[PDB]
Amino acid sequence: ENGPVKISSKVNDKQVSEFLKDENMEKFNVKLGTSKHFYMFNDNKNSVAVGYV
Amino acid sequence: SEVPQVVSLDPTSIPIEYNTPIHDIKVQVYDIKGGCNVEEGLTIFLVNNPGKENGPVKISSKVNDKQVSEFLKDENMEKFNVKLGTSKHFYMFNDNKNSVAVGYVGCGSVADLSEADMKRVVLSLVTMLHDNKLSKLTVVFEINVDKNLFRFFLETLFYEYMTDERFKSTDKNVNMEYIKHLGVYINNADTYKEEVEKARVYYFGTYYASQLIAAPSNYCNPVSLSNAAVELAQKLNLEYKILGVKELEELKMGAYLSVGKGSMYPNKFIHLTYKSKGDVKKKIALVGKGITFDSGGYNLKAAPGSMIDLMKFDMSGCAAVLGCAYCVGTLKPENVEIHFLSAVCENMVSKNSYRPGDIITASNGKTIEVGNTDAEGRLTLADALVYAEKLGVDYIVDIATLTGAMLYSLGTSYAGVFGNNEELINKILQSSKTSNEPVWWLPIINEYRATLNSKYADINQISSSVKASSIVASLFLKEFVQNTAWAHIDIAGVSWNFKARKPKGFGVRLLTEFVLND
Amino acid sequence: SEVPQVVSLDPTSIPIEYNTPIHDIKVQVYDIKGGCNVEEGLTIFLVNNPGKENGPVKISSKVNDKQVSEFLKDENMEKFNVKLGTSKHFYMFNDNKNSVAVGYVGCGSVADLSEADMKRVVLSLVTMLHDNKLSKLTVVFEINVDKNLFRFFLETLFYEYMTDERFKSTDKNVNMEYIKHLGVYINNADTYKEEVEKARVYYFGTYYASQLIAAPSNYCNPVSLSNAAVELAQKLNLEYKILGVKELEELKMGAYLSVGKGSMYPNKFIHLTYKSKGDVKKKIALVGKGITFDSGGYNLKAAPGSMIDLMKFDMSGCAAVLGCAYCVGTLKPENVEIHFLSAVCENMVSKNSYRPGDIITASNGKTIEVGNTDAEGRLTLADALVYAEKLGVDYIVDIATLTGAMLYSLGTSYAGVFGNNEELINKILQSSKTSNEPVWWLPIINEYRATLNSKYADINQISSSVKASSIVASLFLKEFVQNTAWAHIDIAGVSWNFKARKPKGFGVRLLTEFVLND
Amino acid sequence: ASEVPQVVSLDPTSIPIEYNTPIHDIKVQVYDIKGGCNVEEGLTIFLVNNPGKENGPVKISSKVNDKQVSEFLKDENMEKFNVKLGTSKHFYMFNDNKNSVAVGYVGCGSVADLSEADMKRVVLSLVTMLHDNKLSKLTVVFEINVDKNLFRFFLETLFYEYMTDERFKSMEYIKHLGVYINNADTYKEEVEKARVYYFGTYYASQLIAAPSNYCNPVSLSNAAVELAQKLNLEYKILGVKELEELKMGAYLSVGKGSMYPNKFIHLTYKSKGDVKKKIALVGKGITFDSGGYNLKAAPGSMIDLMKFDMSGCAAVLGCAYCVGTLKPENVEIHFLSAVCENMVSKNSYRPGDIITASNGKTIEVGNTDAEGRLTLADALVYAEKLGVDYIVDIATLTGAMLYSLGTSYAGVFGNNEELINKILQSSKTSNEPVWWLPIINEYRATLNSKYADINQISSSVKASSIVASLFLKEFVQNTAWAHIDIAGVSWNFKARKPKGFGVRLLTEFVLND
Ligand SMILES: CC(C)(C)C(=O)N[C@@H](C(=O)NO)c1ccc(-c2ccc(CO)cc2)cc1
Ligand SMILES: CC(C)(C)C(=O)N[C@@H](C(=O)NO)c1ccc(-c2ccc(CO)cc2)cc1
Ligand SMILES: CC(C)(C)C(=O)N[C@@H](C(=O)NO)c1ccc(-c2ccc(CO)cc2)cc1
Ligand SMILES: [Zn+2]
Ligand SMILES: [Zn+2]
Ligand SMILES: [Zn+2]
Ligand SMILES: [Zn+2]
Ligand SMILES: [Zn+2]
Ligand SMILES: [Zn+2]
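- Structure determination for this PDB entry was carried out by X-ray crystallography, with a resolution of 2.49 Å recorded in the header.

Printed below as a string of structure tokens:
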């Protein structure tokens, strides 16, 4: 109940894959409706926004 | 001094949290003219754009990190705007190949932020702190604030960040993880450092009052509330005195005692005193309304909109006075003697309750005709004001959730102040500006005094005609201050925060600024 | 166990009539094929004419009397119609030169009689019994009824025929002369013979509950009601246990104890148990709401339409459970263990009452914020459900006059059932079908659960916005059943018969059918 | 002048207006108190007080040039009466010349400085004696201390309360008024100013007291034209077609359900010299406020009082009389009122309707009984288009004023500190009390409509007087603007008549600033 976030999908981007690591995503919980998004640069130095709900 | 019970499961004390997680936060203030270090936790820039209504974000501070500085370049930041309350999070790696979290909170397009604007900025910051297990928060002030507004930022941050879990059993937040360090970068840092610990003191005084108000009436009763006042005075080395029924019967406080006749909890009059080391130059009496629960009496709160379930907050005035007593006892001002007073009782329905129509005698000899048992606050305040003036003070200031009419005059943001002395009212307004607790001056219209003319008693408690309840109530209280500068703050409309479903602790910082800046 | 009094004239026990005159009626059921004998008393034919909306009455049964059969010829009977509720009386001499009385009651044109329709014909029959000093009544079934509807005919006949005179002093019987014999002619006398004594047991269980409900709150208080429950268990050789305040405090039943704090009568928890001599295959707990009077507390029932004068019926759930205890204790089913529970108390206004806003702790550790003292049924039920689940049963079924919103959903005829288990809900609906006490399944909408999220306590007692009170209350009750099949029957709309100004005894036969037909 | 529509031939088609009142025939004489008082004819009343002695005895200090009256006013005789505020006694006797005279006093309490409310009690006691006196002259001897402004207020209140409105009805008035007061020469210039201020207030009272069948949008605008013609003011009455061309959708929506077409009153006073200040005065002109489909049916809504919902318009028109008569210089004043009637009909606007104001802003109507701010919105847009320095509106806008300031003090809101200070200063010199209330910007978000540009009302915030001020603020873009809410102070419930509140306050604002 309100456990940590764990991303299981493989992301074909090293920068995003590092962001979605378990140690990083465990700081967020899965309570219904809770969400966070971050802005970052991907492998091609392009601005991307990644998050969860 | 120990609380009667109906069943053994009835609580016998108010749970009070003294050592809050806010007190465990190490606060450091650095000057911006030396670069910002982005290492651990979350770093938030408070940015604004004067003129350009929702203009782009521009970071002006020098960042001592090549990777982070490149991320924060204007070409990168131009996709975000500075709309008041808006916030964004950034993920990046710093020079040491470490993952860092950076972001901003929009502060609008006006250079001077109001207390409402700063509250909206702080609330956006708290949203970033919630549901995120960060260890450190760093705030970089790219906006323009004086010492008072900077302190207000810290108080509001501490207050909104704090979560009250005293009454949670099986539903405590499993993910509650407060930060342990707070870093602040601001121009001219040496001048702002003295506001940090003052904000921490102001925060807890407000939070302490919030703890007393939010505590339900079965936990917070006249006995348990006065017990907490003794414990607070003992921790601060203040003089304290609790007047019981036998003493109150002998001060002939018939108006105050009549209100509590129907309660299972005996009346308790709180009298805390802070005396200064050296020559006392100002003597001040602070009076707080202390109705631990206001059922209305036989004039029961049964009409639609009377909100009887909120009436645990009817001791908000007492809580504000007690919260001010903490700040004064901690900061220890000089050349001042302050009395913290509250005639605490409970307004209940019973065979022993006082009835509508009853004629009672105040401690100054004035007979009062009770027209409405739900107008009990002015009755308890009447005897408290007579007690206060007998101390021979320079100023008497009372604060009370007195009249629901405040919602139709000033609303939920501004409290009303009445008084018999222009200079004292000016000091209160003046303190409202520096404490950022808004207050508006309302008149004591003498033409309405005739509606309090009783046919049998000396004076009526209530008017049967005039609907200006806040003014008529002020006219009643004025009859119990004979020759002393007196002011009256009605906080019935501003005490409770209905959006957040929690008390505000309103009045603590205002009363403290009044005492400290005299 | 001793009822406290204010004055010596206060009653100390509930007058209960176990000996009803209905029990002195000798019932004989004969087969329609062997002919009907018309000798003494009144003989009534229940006639129907399908298709023909109000077509003529036609007696099809063979009458073993030449004189009577000639009168009952079709040419004579064609002047009467079969409209539902209509009735006629005939005077004649039989073969045998004796005066006899014959008549009929119209049963409409539909072949399948409703439970409401059967009540309407039965009420017409009782009117013929009233104001008539008859010694015997004979009913000739010229309609099609199954065993359950035939038993329902007898139960309803016995119930409406009986008149409660426990509280009449100077305005008593005068002309009250019950019949001593009841004859029934029907195809299958044989399978309907076993329904006679079952109807008599079901009748008294319903009438016993009606006696407790109709008993005013000065007669039926928490002490006197539990005393009557002990007396009933002793007469049926059931295990019984009444938990006093000291035991309830040790069990930490804070929600239940808070409701009764303002009462002069101590709380009493009723626990009756029926176990079979064989292997127990199913364990069932039946929970009844036992508010002997619901003033509403400080949320006083003062709004228009709140009907505070009816609130002696707020223990209808407890009365139904006790009435079911009589039926189960009398018929003695096998392979079943039944617990009869009721957290009995009184909701009053006093200096000792619990207040709106109070935070109380249930026996499962959950803290509850009281938003309305008039929502006290769910507070007492919360601790009763925790107690019930601790017994380790297969089914928990509670019945309560919980929410007035039932009048706007299902009305005065159909009760609502909520639950967390489809199999239990289906069994309740099946027993509702066989007992002919109508119940309708209503949903527990989980989207409304968020409105019970308290800011300070674990859960809110009430929702402040959603007006679907029957569903919100069901959401509250669900929080106190963790891992057991549970159903909740709200009888607030169907408990009282306003046309007849008397209780219905609703739920006795439904709960008994549920236990027996498992 | 348009034609007033009727349902039946017995419906009135004009408002009866009394221009030449008996007050205008009263010759006022002011003498200095230091020369003694002559008691020869009529009724002589002394205004006496006793400082310190709470309800102390009456003591006459002035020398009266009559032996019989002097004996009557001796200390031994007057000590039997007390000076409690409002208490009065008058006696009838023969003077030295064997003429019937009436002598008496009115108690002025124990405080030296009388408030405007205190002066009202003294005047009301005086008027009670005048309504029971067939004598030809009344003489008032001021043995108390009043400044020039309060003395003028005394005369205005005396004239106003003395006058009796008998227009709807199917003692004799005095012909002379004598006043004895210290420094008579400085108070003499206030006499004719009080008479002008009196009629401006009484004229407004006649319009307010006139029932809604007599005072309708057509008949009220006709009366404004007749008044403007008598005062040589420029006038212009905008009809529905012109209002449609000006796209006054908010104002027109309120009057859709009325049988009387909307009429926009625009009077102008220009000075002969160089115009240095331009002022626009806007008055709410709802001739009857039934509430619309949000009908005033709740207990205490007082639908029978709602003929007074044009009190703001009456105050502006009453100010037009004072300005047109006194003729100030270097000023150009516009008198505006968007007059209509809020009724229930198949043609009425509905709760939830979205309408478009003349400045393009779409408004979502949440309550048809909040119609004053809708008509004021279009009137404020009209006012700012005139290019004035100050816009001051006066309106019976919010019933919440009864719970904030009550029935004595009106509330003033605004967007400009200098204008609020001028209004507060005019309230002090006119003795019509007003209190400054804040426009709390934190409440502005509650007017954010989901579909329209702005909400007409808040569904949550109960600070209705402040919320209404926030709505009005959205229709003044770049002009100093003030708003006076007189919903609580317009009607005198004890006397069952209007007060004419705002006439003297608005006139002093024009004359002094
Ligand atoms: C005599 C009279 C006019 C009934 C009165 O003023 N009563 C007092 C009182 O009960 N004791 O002073 C009172 C105090 C506060 C409120 C109040 C405040 C905010 C809210 C939030 O909706 C709801 C209610 C209502 C009433
Ligand atoms: C929370 C709220 C909305 C106050 C509530 O649901 N209250 C309960 C209650 O008191 N539970 O303990 C309640 C139960 C029954 C009736 C009721 C039933 C039939 C009739 C006959 O017309 C009249 C009244 C009213 C109220
Ligand atoms: C609808 C809302 C927002 C509550 C409102 O404020 N409505 C206005 C209005 O009708 N505006 O057009 C309003 C104006 C005056 C009174 C009023 C004044 C005095 C008296 C006598 O005591 C009785 C009633 C009531 C209401
Ligand atoms: Zn109260
Ligand atoms: Zn109170
Ligand atoms: Zn209840
Ligand atoms: Zn109940
Ligand atoms: Zn209106
Ligand atoms: Zn209006």
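A few points about helix α14 (residues 464–473) of chain D
Phase 1 of the analysis: With eight of its 10 residues buried, α14 of chain D lies for the most part within the structure.
Phase 2 of the analysis: The complete set of buried residues in α14 of chain D reads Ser465, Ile466, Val467, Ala468, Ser469, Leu470, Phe471 and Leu472 of chain D.

A look at the site of ligand 1
All names here are of chain B.
Phase 1 of the analysis: Around ligand 1 sit 15 residues in total, of which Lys289, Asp294, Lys301, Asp374 and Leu402 are the nearest.
Phase 2 of the analysis: Side-chain polar atom of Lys289 to an oxygen atom of ligand 1: 3.0 Å apart, as the coordinates give it.
Phase 3 of the analysis: The side chain of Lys301 places a nitrogen or oxygen atom 2.5 Å from an oxygen atom of ligand 1.
Phase 4 of the analysis: Protein contacts shield 82% of the accessible area of ligand 1, which totals 590 Å² for the unbound molecule.
Phase 5 of the analysis: In the shell around ligand 1, the residues fall into seven nonpolar, three polar and five charged.

Some words on the packing of aromatic side chains
Phase 1 of the analysis: In this structure the tally under the stated criterion is 73 aromatic pairs over all chains.
Phase 2 of the analysis: Ring geometry for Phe204 of chain B against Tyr208 of chain B: centres 6.1 Å apart, planes inclined by 40 degrees, an arrangement best described as tilted. Of this pair, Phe204 of chain B and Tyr208 of chain B both sit in helix α5 (residues 194–214), four residues apart, roughly one helical turn.
Phase 3 of the analysis: Residue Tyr208 of chain B is classed as buried on the basis of its relative accessible area of 0%.
Phase 4 of the analysis: Taken together, a centroid distance of 5.0 Å and an interplanar angle of 85 degrees make the contact between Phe141 of chain C and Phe153 of chain C edge-to-face.

Focus: the pattern of salt bridges
Phase 1 of the analysis: Counted according to the given criterion, the structure contains 62 salt bridges over all chains.
Phase 2 of the analysis: A salt bridge links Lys275 of chain C to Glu337 of chain C, with the nearest nitrogen and oxygen atoms 2.7 Å apart. In this pair, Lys275 of chain C is assigned in strand β8 (residues 268–275) and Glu337 of chain C in strand β11 (residues 336–347), connecting sequence segments 62 residues apart.
Phase 3 of the analysis: Here the residues in one salt-bridge network are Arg151, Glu155, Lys198, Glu437, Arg509 and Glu513 of chain B, joined through shared partners.

Topic: empty space enclosed by the protein
Phase 1 of the analysis: What the largest cavity holds in volume is close to 50 Å³.
Phase 2 of the analysis: Around the largest cavity sit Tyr39, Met40, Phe41 and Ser47 of chain A together with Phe71, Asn76, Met77, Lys79 and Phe80 of chain B, which together line it.
Phase 3 of the analysis: When residues of the lining of the largest cavity are traced back to their parent elements, those giving at least two are β1 (36–41) of chain A together with α2 (74–77) of chain B.
Phase 4 of the analysis: When residues of the lining of the largest cavity are assigned to their parent elements, the largest contribution, three residues, is made by β1 of chain A.
Phase 5 of the analysis: When its residues are assigned to classes, the lining of the largest cavity shows six nonpolar, two polar and one charged.

Details of the coordination of the zinc ion (ligand 9)
All names here are of chain D.
Phase 1 of the analysis: Listed as protein donors to the zinc ion (ligand 9) are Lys284 (NZ), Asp289 (OD), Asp309 (OD) and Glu371 (OE); their distances from the metal cover 2.1 to 2.6 Å.
Phase 2 of the analysis: Here the zinc ion (ligand 9) and the zinc ion (ligand 8) are spaced 3.1 Å apart, with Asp289 acting as a shared donor. In this pair, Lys284 sits in the loop between β9 (277–283) and β10 (285–289) while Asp309 sits in the loop between β10 and α10 (311–326), placing the two residues 25 residues apart along the sequence. Residue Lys284 shares its accessibility class with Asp309, and that shared class is buried.

Focus on the UniProt feature "binding site: a peptide" in chain B
Residue and element names in this part refer to chain B.
Phase 1 of the analysis: Here, the residues flagged by UniProt with the feature "binding site: a peptide" are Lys289, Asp294, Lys301, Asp314 and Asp374.
Phase 2 of the analysis: Not counting residues up to four positions away in its chain, the partners in contact with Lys301 are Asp294, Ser295, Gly296, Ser306, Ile308, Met311 and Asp374.
Phase 3 of the analysis: Within the element layout of this structure, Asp314 appears in the loop between β10 (290–294) and α9 (316–331).
Phase 4 of the analysis: Since its relative accessible area comes to 2%, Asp314 is described here as buried.
Phase 5 of the analysis: Residues in contact with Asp314, not counting those within four places in the same chain, are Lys289, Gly290, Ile291, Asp294, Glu376 and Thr401.

Focus: the relation of the copies chain C and chain B
Phase 1 of the analysis: Each copy superposes on the other: chain C lies on chain B with an RMSD of 0.3 Å after a rotation of 120 degrees and an axial shift of 0.2 Å. Taken together, these values place the two copies in the relation of a three-fold axis. For chain C, the minimum C-alpha distance to the rotation axis belongs to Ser350 of chain C and amounts to 3.0 Å.
Phase 2 of the analysis: The share of interface residues of chain C whose copies in chain B are also at the interface is only 12%, consistent with the copies meeting through different surfaces.

Details of the domain arrangement of chain B
Residues and elements named next belong to chain B.
Phase 1 of the analysis: Assigned domains within chain B: domain 1 (21–202) and domain 2 (203–517).
Phase 2 of the analysis: A separation of 37 Å is found between the C-alpha centroids of domain 1 and domain 2.
Phase 3 of the analysis: Contacts between domain 1 and domain 2 engage 22 residues on the former and 28 residues on the latter.
Phase 4 of the analysis: Here domain 1 and domain 2 share an interface that buries about 2,100 Å² over both sides, 56% of which is from carbon and sulfur atoms.
Phase 5 of the analysis: When residues of domain 1 are sorted by the area they lose upon contact with domain 2, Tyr159, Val201 and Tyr202 head the list and together hold 38% of the total.
Phase 6 of the analysis: Between the two partners, domain 1 and domain 2, sit four salt bridges.
Phase 7 of the analysis: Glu513 serves as the salt-bridge partner of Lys198, at 2.9 Å between the closest nitrogen and oxygen.
Phase 8 of the analysis: Inspection of the domain 1/domain 2 interface yields 16 residue pairs in polar contact.

Quick notes on the pairing of β11 of chain C
Residue and element names in this part refer to chain C.
Phase 1 of the analysis: Buried residues dominate β11, accounting for 12 of its 12 residues.
Phase 2 of the analysis: Along β11, one buried face is formed by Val336, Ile338, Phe340, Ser342, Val344 and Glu346 and the opposite face, lined by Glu337, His339, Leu341, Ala343, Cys345 and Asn347, is buried too.
Phase 3 of the analysis: Here eight bridges tie β8 to β11, and the two strands are oriented antiparallel to one another. Residue pairing in the sheet places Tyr274 in a bridge with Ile338 of β11.
Phase 4 of the analysis: In this sheet, β11 lies alongside strand β9 (residues 282–288) in parallel orientation, the contact comprising six bridges. Bridging across to β11, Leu286 finds its partner in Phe340.
Phase 5 of the analysis: With three bridges joining them, strand β10 (residues 290–294) and β11 adopt parallel strand pairing. Bridging across to β11, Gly290 finds its partner in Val344.

Examining the UniProt feature "binding site: Zn(2+) 1" in chain B
Residue and element names in this part refer to chain B.
Phase 1 of the analysis: In the numbering used here, UniProt assigns the "binding site: Zn(2+) 1" feature to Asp294, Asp374 and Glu376. Spanning 83 residues, the annotated positions come together in the fold, the maximum distance between their C-alpha atoms being 8.5 Å.
Phase 2 of the analysis: Look past the residues within four positions of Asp294 in its chain and what remains in contact with it is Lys301, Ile308, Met311, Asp314, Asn347, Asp374 and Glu376.
Phase 3 of the analysis: Separated by 3.1 Å, the side chain of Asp294 and the backbone nitrogen of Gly296 make a polar contact.
Phase 4 of the analysis: Checked against the element boundaries, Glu376 lands in the loop between β13 (367–369) and α10 (377–390).
Phase 5 of the analysis: Ignoring anything within four residues of it in the chain, the contact list for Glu376 reads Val259, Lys289, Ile291, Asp294, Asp314, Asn347, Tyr354 and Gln461.

Analysis parameters
- For every chain, the first residue of the written sequence is numbered 1, i.e. counting runs from 1 onward, and this need not coincide with the entry's numbering; residues without coordinates are not included.
- Following the order in which they are written, the chains are lettered starting with A and the ligands numbered starting with 1.
- Summary scope: the chains shown constitute part of a larger assembly, and all values are computed over the shown part.
- Hydrogens and water molecules were not included; the side-chain quantities draw on all heavy atoms of the structure.
- Residues with missing side-chain atoms are left out of burial classes, side-chain pairs and their counts.
- Here's how the labels work: a residue is buried when its accessible area is under 20% of the maximum for its type, exposed when over 50%, partly exposed in between, all with a 1.4 Å probe on protein chains only.
- Secondary structure follows DSSP: runs of H or I at least 4 residues long count as helices, runs of E at least 2 residues long count as strands, and numbering of each begins at the N terminus.
- Consider each residue's heavy atoms; a residue with any of them within 4 Å of a molecule or strand counts as near.
- A 3.5 Å cut-off defines polar contacts: any pair of N or O atoms within that distance qualifies, except that in protein one atom must be a possible hydrogen donor and the other a possible acceptor, and neighbouring residues in sequence count only when both atoms are side-chain atoms.
- All accessible-area figures derive from a Shrake-Rupley calculation using a 1.4 Å probe, and residue coverage is judged against the displayed protein chains alone.
- As a working rule, the residues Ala, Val, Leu, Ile, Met, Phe, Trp, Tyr, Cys and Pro are called nonpolar, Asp, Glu, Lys and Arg charged, and the rest polar, with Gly in that last group.
- Any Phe, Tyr or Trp ring, taking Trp's six-membered ring, that has another such ring centre within 6.5 Å forms a pair; planes under 30 degrees apart are called stacked, those over 60 apart edge-to-face, and the others tilted.
- A pairing counts as a salt bridge when a side-chain nitrogen of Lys or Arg comes within 4 Å of a carboxyl oxygen of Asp or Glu.
- A pocket here means an open set of points on a 1 Å grid, computed over the protein atoms alone, that has protein on both sides within 12 Å along at least five of seven lines. A cavity is instead a set of points where a 1.4 Å probe fits but cannot get out; residues with an atom within 4 Å of a point line either one.
- Grid points are joined across faces, edges and corners, and a volume is the space filled by probe spheres set on the points.
- In this analysis a donor is any N, O or S atom within 2.8 Å of a metal ion (3.2 Å for sodium, potassium and calcium), and since water is not included, sites may seem incomplete.
- UniProt positions are given in the numbering used here, feature names are shortened, and annotations may be inferred rather than shown by experiment.
- Contact between two residues is taken to exist if any of their heavy atoms lie within 4.5 Å; hydrogens are not considered.
- Between copies, superposition follows a least-squares criterion applied to the C-alpha atoms.
- As used throughout, domain bounds are those supplied by an automatic or database domain assignment.
- A 1.4 Å probe defines the accessible area here, and the buried area is the portion of it lost by two parts on being joined, summed over both.
- Pairing between strands is defined by DSSP: at least two bridges between them are needed.

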